[PDB]
């Protein structure tokens, strides 16, 4: 079908979907690949000692995730075959810049070969995690549902802590000498060893404590989630006209999400309705997926608890819990979907709503210790307010029909009528520009002016539209004019949000503006 009445030329519209499942899975797969790591040495022991120590972890750790750590112990060969190295206890842990230690893991002598080792290599695998300031606040948030603007900002502004891993190996080496007083294997004691025509016997045991540490381990962690983009995931909301579109009822789109927390461990994919307007309803569907074999060669179980919410943002910037779903997953061995229905109830003072998902789980390390992880993922939606569309589809359809009926006088009447309405929308954009300048809010200023320029472009396209006698050219100008109005509508949403304490959602609206404005210009000569 068409661009001009249906807006089938809008890229967001071309991404709609009858069903969200397989696209969700795809997105998950795609995102997981982006987060796949290779092992890198984090550091090693002094290259002396009855044991060489090497530490390995991922090349990339996203945010506050837990991660597999490999420790490799080399027993170098000995001049004496029986001079076996025994390992009695290996201990690893994370240490912060205040000599505070976390997640200490201990392998006791039971773990190792009774007879000791000579010329050999040993691989130890464990799971670790840096310091995590937010974890318990997120856990509370999930349980009680109480989420303030304070916590909320804190989620996106807290940084990863500096840390290092250190390992301690303990045990003893056997020392053996030849017992010069034995002449024949027969006379070489049962415990001794005949070997190279001499009878070797066990002299002493020599203790060691070896210790290795990493350097700039924390340098493998990244905070920038820009890495976490899905191809074609959406931002914001389709223009409000799409509320009366049966064509789009019951359709989904994947949304880009903003992430914080243990993104390397598991992920959340968001599919939702593509339209979000005050006093209207939207569907959300969240996929929670463990991030496949990120802990390889380790294989810890992971399990538990979530809360998906919408948060009403009050003018000024305060937030309050709106619609919410919460429960337990058990073991997240398989992807699972969770739904949330948002009704964007409008009350005086209501600015907009945000959607957020919080998950809290435990990675259970083979030693039984349980390490808490959390994820926060915010669908990059935007809730629009009613801006009173001037170019309703019906009216656009009438106008085109007039063109065919050759009724240039009615085309003229209508154009003029529509232009009055846009002039009015401009008058209000001018009021926003005023407040924006008054409160010295740079962004609102830019947005409000943007709105004014968009509406102005639309008014101009309507003027030219009425004078066309090529058909496509008449369509093209109506279509440019339509998208320009949509762009201006976004800008106005943006300014309004900027002015009242939601600059984040404002930036989404403003970006959508730039997009529809550019789509418009593709139709202008």
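Numbering follows the first chain given and starts at 1.
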property	result
99-107 versus 338-346 - greater average Cα B-factor per the deposited record	99-107
Of 81-89 and 411-419, the stretch whose C-alpha atoms average the higher B-factor in the entry	81-89
Top residue by Cα temperature factor, when 246, 380, 373, 278 are compared in the entry	246
Residue of maximum C-alpha B factor among 287, 228, 359, 322, per deposited coordinates	228
Ranked C-alpha temperature factor of residue 488 among modelled chain residues, by third	lowest
B-factor third for the C-alpha atom of residue 311 within its chain	lowest
Modelled-residue ranking by C-alpha temperature factor, third containing residue 34	highest
Residue 476 - Cα temperature factor, lowest/middle/highest third of chain	lowest
B-factor third for the C-alpha atom of residue 50 within its chain	highest
